[PDB]
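Here we start with a single chain on its own, the form deposited in one PDB entry, put down as structure tokens.
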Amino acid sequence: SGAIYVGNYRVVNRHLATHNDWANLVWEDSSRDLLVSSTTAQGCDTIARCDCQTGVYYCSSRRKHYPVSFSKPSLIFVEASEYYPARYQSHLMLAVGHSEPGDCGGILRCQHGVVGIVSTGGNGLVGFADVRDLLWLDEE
């Protein structure tokens, strides 16, 4: 589990969004596994605006943050998980590392701020849903 709190926005994995999230919906995209809902209190996170390919991610199934190199966001085939069938996911970055389903929502961060959240795992990789293209998160 986990979310990004930027401005008056909450960014979660679409597959983990709550009824309150859907009732306060700003934007969602199944192909990206992302949903954004509105918040009453302002958040503590800053979104990265960059093309970094190195950063650090939180792995809840290890209680650890790991430094990783990761691919640029792309359209990637993802094998079946407990929460999605085998499918193509867009805006997905991959790194070598540990990811189980409950790790979804862990933050990946670079020197510029939050890059994205854990969205995929298995076969010794961790996949992250990028948010650095979502410039509207920074205003309004």
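The first residue of the shown sequence is 1; numbering continues from there. We call the rigid core the largest set of C-alpha positions that still match within 1.5 Å between the two forms. Shifts are known only where both forms have a C-alpha.
Novice: Which has higher Cα B-factors on average according to the PDB entry: 69 to 77 or 40 to 48?
Specialist: Mean B over CA atoms: larger for 40 to 48.
Novice: Per the entry, where is the mean C-alpha temperature factor higher: 113 to 121 or 18 to 26?
Specialist: Per the PDB entry, the higher value belongs to 18 to 26.
Novice: Compared with the other modelled residues in the chain, in which third is the CA B-factor of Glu82?
Specialist: For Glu82, the deposited C-alpha B-factor lands in the highest third.
The same protein also exists as the form deposited with a small molecule bound; that form is not shown, yet it is the one meant from here on.
Novice: Please check if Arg49 has a heavy atom lying within 4.5 Å of any heavy atom of the small molecule in the entry with it bound.
Specialist: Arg49: no contact with the small molecule in the entry with it bound.
Novice: Does any part of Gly43 reach within 4.5 Å of the small molecule in the entry with it bound? Heavy atoms only, please.
Specialist: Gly43 lies outside the contact set for the small molecule.
Novice: Using the rigid core as the reference frame, would you say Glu82 shifts its C-alpha by 2 Å or more between this form and the one not shown?
Specialist: Indeed, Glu82 is displaced by 2 Å or more.
Novice: Suppose the core is superposed; which segments, at least 3 residues long, show C-alpha displacements of 2 Å or more throughout between this form and the one not shown?
Specialist: After core superposition, the one displaced run is 80 to 86.
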